[PDB]
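Chains as they are written, first to last, in my numbering: chain A, 1 to 62; chain B, 63 to 450; chain C, 451 to 1014; chain D, 1015 to 1088; chain E, 1089 to 1343. Think of the CB as a built atom: it goes at the ideal place given N, C-alpha and C, for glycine as much as any other residue. Read through the structure below, which is laid out as structure tokens, and then see the notes.
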Amino acid sequence: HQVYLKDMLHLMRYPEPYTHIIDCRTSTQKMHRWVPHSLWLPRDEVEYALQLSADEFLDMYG
Amino acid sequence: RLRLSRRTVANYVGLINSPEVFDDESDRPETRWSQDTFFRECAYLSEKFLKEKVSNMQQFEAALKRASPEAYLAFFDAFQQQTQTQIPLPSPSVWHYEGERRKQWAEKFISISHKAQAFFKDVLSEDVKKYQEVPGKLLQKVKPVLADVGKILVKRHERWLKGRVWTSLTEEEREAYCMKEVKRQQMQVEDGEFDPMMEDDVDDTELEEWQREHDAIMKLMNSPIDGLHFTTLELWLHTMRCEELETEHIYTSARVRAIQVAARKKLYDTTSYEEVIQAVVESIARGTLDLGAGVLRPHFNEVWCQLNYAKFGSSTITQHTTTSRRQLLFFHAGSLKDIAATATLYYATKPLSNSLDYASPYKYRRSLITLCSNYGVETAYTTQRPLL
Amino acid sequence: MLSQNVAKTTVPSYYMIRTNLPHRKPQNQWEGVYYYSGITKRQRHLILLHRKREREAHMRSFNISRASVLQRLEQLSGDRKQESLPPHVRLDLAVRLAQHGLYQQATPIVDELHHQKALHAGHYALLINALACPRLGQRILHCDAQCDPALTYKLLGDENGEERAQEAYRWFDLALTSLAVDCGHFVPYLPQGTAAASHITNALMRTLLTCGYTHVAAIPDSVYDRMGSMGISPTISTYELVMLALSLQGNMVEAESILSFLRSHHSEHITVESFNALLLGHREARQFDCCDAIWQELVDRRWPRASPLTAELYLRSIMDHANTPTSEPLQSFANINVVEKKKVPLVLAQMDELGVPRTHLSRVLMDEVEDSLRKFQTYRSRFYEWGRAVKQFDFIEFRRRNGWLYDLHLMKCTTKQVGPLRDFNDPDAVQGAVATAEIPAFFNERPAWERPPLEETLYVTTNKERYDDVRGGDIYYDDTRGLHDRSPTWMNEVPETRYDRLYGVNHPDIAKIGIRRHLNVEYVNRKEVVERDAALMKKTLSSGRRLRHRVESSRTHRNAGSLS
Amino acid sequence: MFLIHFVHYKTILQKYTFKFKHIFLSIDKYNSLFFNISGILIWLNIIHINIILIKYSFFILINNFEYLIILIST
Amino acid sequence: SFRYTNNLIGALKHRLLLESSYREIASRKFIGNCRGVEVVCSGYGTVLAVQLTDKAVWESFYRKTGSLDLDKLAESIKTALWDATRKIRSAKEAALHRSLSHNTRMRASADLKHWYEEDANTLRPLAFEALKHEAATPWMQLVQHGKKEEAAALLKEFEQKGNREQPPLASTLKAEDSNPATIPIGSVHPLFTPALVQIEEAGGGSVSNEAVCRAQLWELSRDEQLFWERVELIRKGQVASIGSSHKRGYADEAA
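Put into structure tokens, the structure is as follows:
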């Protein structure tokens, strides 16, 4: 399901505690800014990442 | 974090063979500058681009402050580490400003900072040597001048004011005055004139009064103080305007100008104009003079912090590292004390300066870490303050 | 694009010429004519918006009239001042206040009137009736209760119902006192005997309906018993209020009993409002066949005359019926109870025979009814034209743009066949199909414990046709892949990761390759902690015993050894 | 700043259950009555008879689509 | 999506209505009566007056020459008080009910428990809290209900110039403060008052954009830097373990 630009600006100014904005950008060479309240799981790692336990995931992605 | 900046250390990360203790070459006091990795890189890149051979950190930064616009630009084009500690700080506008803007900035700035460096190497060095025994004396000599410049400035602000109190004005007029004052500061930085004539007053009554004032001020600036060889205008030109030109991207940009306006406005709201001028006078008059790396280093009053809020507190900030060249948005100064902390770290960690030990890589590391732990503690205080 | 858009014709060949295979489906006798009953998004939106605006209009009216009464109060309190207004002015004010639900402000006024003995018989009945807030009732009925009369009672109960009740009881007693004064042969039963007493009691009941559940429940129990005890004879409206109470409670047996008694002894006095009571009641108990029985009866005796309220209650009960689901056993094909809506165009016809104007029906109900109509009603005009192929195929096109082709006859191609059941009475007997029917797959489908767990979610299945020539066997197969399926070569097909050096390792220490241990200054590893504590609960079983030292038992004393 | 360390309660209770049948549970299939075939007659170019079981035939099907076929007691 | 903001808006609609109700009931009279005896309570449940209506009628009921019952009299006082109190409690619950029946977001989560989780015992005004709210000075009442404007005003005028029937709060709390529009955010949810007070303006009851933006901007700064720290480390781990800075594409990046 989509989320539009409006939703994005709204969530920039008015974050929800349990909504997570997850940055999928793969190459660090191309990413110069930070989408507010986001977190970084690069696409290439996802299949692995999502199979970690809560603890292990905490250790790998911080 | 200092460790993780370096290649060596970063090749133990995310491996199953890693030596958990995690020491580095610079953590052992015996090590010499030639065995150091980061410096090996700097040395290599100084040969290739700067075209100088360098065995010390000292010689290196010395070499880089000598360089020529092409050599400088080529170097910082091949050089990816602006920030070792990743503590957000201002930086020379080399790391902002892509392309043509970059090239022409460097062309202006390096000429100017060469002139300044010469000025420091002799004219100031002698006068700092004379008064070495009692600190503060040198700038106390300059205080009585700035006082009078201040009185004139105040008088001008007042004749603009025309008897109506600053708080009674509409926010439109106030914002207009502030925008004026900030544009004025921009012209001061770019054109190197202490009191530039501005388009805002074209008035003949104003041209006469403002000419009387401009001339009283330029007369006081240009007039030699007796104990010291250097003129006040030279001090402002080489110690201040130079450094504010190093960061020029803060004046050049319209966004940042807007932030600066808001800050001026908030400052004049709480404080009278006489007190703000007097406070600036004191921010220079107390001061510190570093022989190494120029930089007259201010006292960090609440007023100084508010005037400089855009530079140390806003998102003007940019970090280049091996991994990423990024730009902090949302970087913020909670309080003024926060700013004082950041600016302290900024001036102290400036290239070769009295607060860093260039003797050995170990001593260097220690000096830097001491400064960062310092900054950190001020930051923790600032965190607890509003609530406690 | 759309995966229900599917070849209905075979590849052109001489097999269409040389064979008696039919070129189209035979018509399906039990599939209804497709026709148009339904509304747009836009239309639904228009109705909702419009409805909202009428709601606002009413709420505005109520605010204006309330504000007006309150201004009259402030003016009569302050401007009249020391000079005492005549009793009738105050009394009118009290009534008007209470009617908008400001009882609080009416209380002191009423007290002061009763103290001056300015109230007489009917005046009390007037006040007590005003406590039922029926200017507030109007507002609630239109906005909140969405025009349903039963809901309006229930919701009115939430406006300070307990205090209004208590006030009603109090004023009722005030009234009985005043009456006994005014009457002063029949000296002993003179106060209870008087019609005024009956009137007042009715007022009390009529108000208690408007308060909460508790009080509504108290009408047919205590109030009516107390009325019998007191000696006050009831009127038809007494009985209809008791019925309305019983019926809000959903107590049908007793409501119907009261009506029976009335029918038998008092028949010529029965108003419509007892039938209204019963209708409302049966609808609450959700007995719709009774809701029907009572309406049909009321059409047979054509007197008393049905009122627009009656027609409204009956119609509502029908919509209610039509929207209830059945249990799962009856839900496999469709929602049955929709058939009830098809009663509606009959009821509407009766309303014209009866002289009930159909335009007194709430906007709300008339929306539901108009919908019900457009489902089942059509005229002889439309009927001559409704089967044209253009309209049938247009309906198909509409279904295609909304991607629902599943049910349509022309437009679906059934593929799967269901094989026969074997017998252990013989493998030998070769079965063959006598007849064939298309019936939904849920009749016979492999029992849920035999088939893999949730199929829709964990498996992606597509029924498709073999491209190659199939000598024998089925021309369709099920291509089923798992949702999670991946190339066995996947790790080469994807960029390298920092995970790769963990290859073929059952329990990696992800704590070691992880970034948290460098990032954090303190770094507690959660898995060393638990190791340490299991290591500590090992030491509790590592207890050895120290050698004890027995002494010598004697009969006469205890022996004391000391360290030597 | 941080004043406290806490343990994260959450109410995960599922107490409601909504399961909706996917569409393909209600799709049609072709079902058939099935009796034991006692015999078969095919004719297209040349007639052929197969007799599996000889009994009095209680039912008879005729089917014309490609070849004429007659399924006896089918 | 937006489950949290929406559920929150629902819950705060509920709170505002319970609060507005508290302020209505708090300043108001409730009269219990038993036999000739009128007990008058404030919304806080505090007995204001004990009167005898119609001495003419009721006096000989208690005797008086007769000696007083004091038993009959006690029972009727007790009963009157109970009646009044029960009116108060019912008013509270009523408020709750109107709120629940009109609040559609709270209706969305289907909870019978919404109807029982706050009842007369639970809602405000609380009886055992009467004293501290009623015995309070007009100034104190002003600040208690979060009107900082009128409290400051009253304070300056305080410095510079240096059986009754009415609830003690009908002075401070007037009609217009029943409007849920007026209720300051500090006061809305009393349970959390000390935390929600910092969202509020230093002088004004209304929320301060400046304070809230300051608070957010601080955290955003911190969290930005954290983000880049983690990115840095994850990248360095990639380059370390892989051995080079290059990676394959995907099988689909050939086209």
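I want to see whether chain E comes within less than 9 angstroms of residue i, judged by CB atoms only; does it?
{"i": "B:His382", "result": "no"}
I'd like to know whether the C-beta of residue i is nearer than 9 angstroms to at least one C-beta of chain A.
{"i": "C:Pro902", "result": "no"}
{"i": "E:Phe1280", "result": "no"}
Closer than 9 angstroms, CB to CB, is residue i near chain B or not?
{"i": "C:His968", "result": "yes"}
{"i": "E:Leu1321", "result": "yes"}
{"i": "C:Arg948", "result": "yes"}
Does residue i come out as helix, strand or coil in the three-state DSSP assignment?
{"i": "C:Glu900", "result": "coil"}
{"i": "E:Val1327", "result": "helix"}
{"i": "E:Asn1209", "result": "coil"}
{"i": "C:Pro890", "result": "strand"}
{"i": "D:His1062", "result": "strand"}
{"i": "C:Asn773", "result": "helix"}
{"i": "B:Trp228", "result": "coil"}
{"i": "C:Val814", "result": "helix"}
{"i": "C:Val979", "result": "helix"}
{"i": "D:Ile1056", "result": "strand"}
{"i": "E:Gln1232", "result": "helix"}
Could you confirm whether any beta carbon from chain C is found closer than 9 angstroms to the beta carbon of residue i?
{"i": "A:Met60", "result": "yes"}
{"i": "A:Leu41", "result": "no"}
{"i": "A:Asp23", "result": "no"}
{"i": "B:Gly76", "result": "yes"}
{"i": "D:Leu1027", "result": "no"}
{"i": "D:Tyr1044", "result": "yes"}
So the candidates are the options; which of them puts its Cα closest to the Cα of residue i?
{"i": "B:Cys304", "options": "B:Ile172, B:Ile149 and B:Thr441", "result": "B:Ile172"}
{"i": "C:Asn787", "options": "C:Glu803, C:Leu796 and C:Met769", "result": "C:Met769"}
{"i": "B:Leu369", "options": "B:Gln179, B:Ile401, B:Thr350 and B:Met259", "result": "B:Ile401"}
{"i": "C:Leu601", "options": "C:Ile590, C:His859 and C:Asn610", "result": "C:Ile590"}
{"i": "E:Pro1213", "options": "E:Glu1289, E:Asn1297, E:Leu1136 and E:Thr1173", "result": "E:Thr1173"}
{"i": "C:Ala667", "options": "C:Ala653, C:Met693, C:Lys502 and C:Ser648", "result": "C:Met693"}
{"i": "C:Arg966", "options": "E:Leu1321, E:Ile1113, E:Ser1309 and E:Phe1246", "result": "E:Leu1321"}
{"i": "E:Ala1198", "options": "D:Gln1028, D:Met1015 and D:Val1021", "result": "D:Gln1028"}
{"i": "C:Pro599", "options": "C:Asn773, C:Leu498, C:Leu811 and C:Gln554", "result": "C:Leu811"}
Any idea which residues DSSP pairs residue i with across the strands?
{"i": "E:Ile1119", "result": "E:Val1128"}
{"i": "D:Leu1047", "result": "C:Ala885"}
{"i": "A:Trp40", "result": "A:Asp23"}
{"i": "E:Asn1191", "result": "Beta-bridge pairing links E:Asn1191 to no other residue."}
{"i": "C:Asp929", "result": "C:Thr912"}
{"i": "B:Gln381", "result": "B:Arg388"}
{"i": "E:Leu1140", "result": "E:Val1125"}
{"i": "D:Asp1042", "result": "C:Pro890"}
{"i": "D:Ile1074", "result": "D:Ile1086"}
{"i": "E:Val1295", "result": "E:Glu1288"}
Please report whether the beta-carbon of residue i lies at a distance below 9 angstroms from any beta-carbon of chain D.
{"i": "C:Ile889", "result": "yes"}
4-residue-minimum alpha helix (DSSP H) runs that sit fully inside the segment 401-439 of chain B, ordered along the chain:
The qualifying runs do not exist here; there are none.
Can you give, in chain order, each stretch of the alpha helix (DSSP H) that sits fully within the segment 153-220 of chain B and has at least 4 residues?
At a cut-off of 4 residues, the continuous stretches assigned as alpha helix (DSSP H) that sit fully inside the segment 153-220 of chain B are 161-181 and 187-192.
Give, in chain order, every unbroken run of the alpha helix (DSSP H) that is at least 4 residues long and sits entirely within the segment 110-144 of chain B.
Within the segment 110-144 of chain B, the complete alpha helix (DSSP H) runs of at least 4 residues are 119-128 and 131-140.
If you scan the segment 256-305 of chain B from start to end, which runs of the alpha helix (DSSP H) of 4 or more residues do you find wholly inside it?
Counting only runs of 4+ residues, the alpha helix (DSSP H) found wholly inside the segment 256-305 of chain B occupies 266-284 and 294-297, in chain order.
Extract the residue ranges of the alpha helix (DSSP H) inside the segment 670-713 of chain C, only unbroken runs of 4 or more that lie entirely within it.
Whole alpha helix (DSSP H) segments, 4+ residues: 674-680, 686-698 and 702-711.
Run through the segment 780-865 of chain C for me and flag every whole alpha helix (DSSP H) of 4 or more residues, listed as ranges in chain order.
Qualifying alpha helix (DSSP H) stretches, in chain order: 794-803, 813-825, 830-835 and 839-851.
Contained alpha helix (DSSP H) runs [length at least 4] in the segment 628-659 of chain C, N- to C-terminal order
Runs found: 640-643 and 645-658.
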